[PDB]
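Written out below as C-alpha cells is the structure these notes cover.
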Amino acid sequence: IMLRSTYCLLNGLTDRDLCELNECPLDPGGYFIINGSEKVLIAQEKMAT
DNA sequence: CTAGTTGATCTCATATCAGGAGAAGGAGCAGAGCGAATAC
RNA sequence: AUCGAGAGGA
DNA sequence: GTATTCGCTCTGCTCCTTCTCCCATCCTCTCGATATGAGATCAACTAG
C-alpha cells in the first residue's frame with residue numbers, strides 16, 4: 001500500500017492523529033514500505049500508444 | 001612364519017525504438033580467354 | 001563474503 | 001585452315017549479410033539476493 005493513499009491507515013488523519021501515531025504531518029506519503037525500506041516508484045516515460 | 005585387530009577408502013543400497021564500424025564469406029553477374037567444334 | 005542494482009561525488 | 005562460334009572455366013568485382021568488437025577515470029554509500037551404515041580390500045600393525 002502506498003502511504004497516505006486512500007487505503008492507507010494514515011488516510012484522512014489529522015496532524016494530531018499522525019503525530020499520535022508517530023508520523024510526521026509534513027510527510028507527503030506517496031511511497032511504499034517493503035521490508036521496512038521506503039521505496040518510491042519513479043514515473044517511466046514511454047512513447048504514447 | 002603367521003593369523004587376528006585397526007584404520008582408511010570405495011561401493012552400494014535404502015524414497016518419494018534513438019549504435020556503429022569494420023572485416024570476412026558467399027552470391028550473382030560480367031567478362032575474358034581458350035579448348036573444342038561446325039562450317040565456309 | 002560474493003553478485004547485481006540503485007543513488008551520489010570530482 | 002581458318003573464321004567463328006561457343007561452351008566452359010577462371011577469376012574478379014560490388015554488394016549484401018554476418019558477426020564480432022568497442023563504448024573516460026577514479027571515489028562513496030545503500031539495498032536485495034544468494035545422510036548412514038554394511039561389506040570388501042588393503043595396509044599396518046600386533047601380537048602368537
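Residue numbers start from 1 in every chain, and the chains themselves are labelled A, B, ... in the order their sequence lines are given, proteins ahead of strands. Side-chain atoms are counted along with the backbone in the values below, which use heavy atoms only and exclude waters and symmetry mates.
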Would you give the length of the straight line joining atom CG of A:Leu18 to atom CG of A:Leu26, rounded to the nearest 0.5 angstrom? 10.0 Å

Taken to the nearest whole Å, CG/A:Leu41 to P/C:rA5 is 20 Å

In whole angstroms, the gap separating P of C:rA5 from CG of A:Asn35 amounts to 21 Å

Within less than 4.0 Å of OP1 or OP2 of D:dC31, is there a side-chain N or O belonging to A:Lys39? no

Do A:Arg4 side-chain atoms and A:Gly12 backbone N/O form a donor-acceptor pair below 3.5 Å? no

Side chain A:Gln44, main chain A:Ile42, donor-acceptor under 3.5 Å: yes

Label D:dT25 north or south, basing it on the sign of the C1'-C2'-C3'-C4' dihedral. north

When the distance from OH of A:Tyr31 to P of C:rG6 is rounded to whole Å, what number comes out? 23 Å

Whole-angstrom distance between D:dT25 and B:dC17, as gauged at atom P: 27 Å

State the sugar conformation of B:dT6 as north or south, using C1'-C2'-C3'-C4' as the deciding torsion. south

With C1'-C2'-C3'-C4' as the criterion (positive north, negative south), name the sugar pucker of D:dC13. south

Are A:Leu13 and A:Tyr31 joined in one hydrophobic group, where the rule is that I, L, V, M, F, W and Y side chains link up if heavy atoms are under 4.5 Å apart? yes

Taking any strand in view, what nucleotide pairs with B:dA15 in a Watson-Crick or G-U wobble way, both distances under 3.5 Å? none

With north for a positive and south for a negative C1'-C2'-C3'-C4' torsion, B:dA13 lands south

Interatomic distance, A:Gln44 CD vs C:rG6 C1' [rounded to whole Å]: 12 Å

Give the rounded distance in Å between these two atoms: CD of A:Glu38 and P of D:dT30. 16 Å

With syn defined as a glycosidic angle within 90° of 0 and anti as the rest, where does B:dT14 land? syn

Name the pairing partner of D:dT17, where a pair is Watson-Crick or G-U wobble with both distances under 3.5 Å, or state none. B:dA24

Both distances below 3.5 Å, Watson-Crick or wobble geometry, any strand: find the nucleotide opposite D:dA35. none

Distance between the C1' atoms of B:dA15 and D:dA35, in whole angstroms? 13 Å

To the nearest Å, give me how far apart CD1 (A:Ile34) and P (D:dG32) are. 9 Å

Using modelled atom types only, decide if a donor and an acceptor are shared between the side chain of A:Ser37 and the backbone of A:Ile34 within a distance under 3.5 Å. no

Based on whether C1'-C2'-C3'-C4' is positive or negative, which pucker family does D:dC27 belong to? north

Would a student be right to call B:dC17 and B:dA18 stacked, given the definition of ring centres under 5.5 angstrom and plane angle under 30°? no

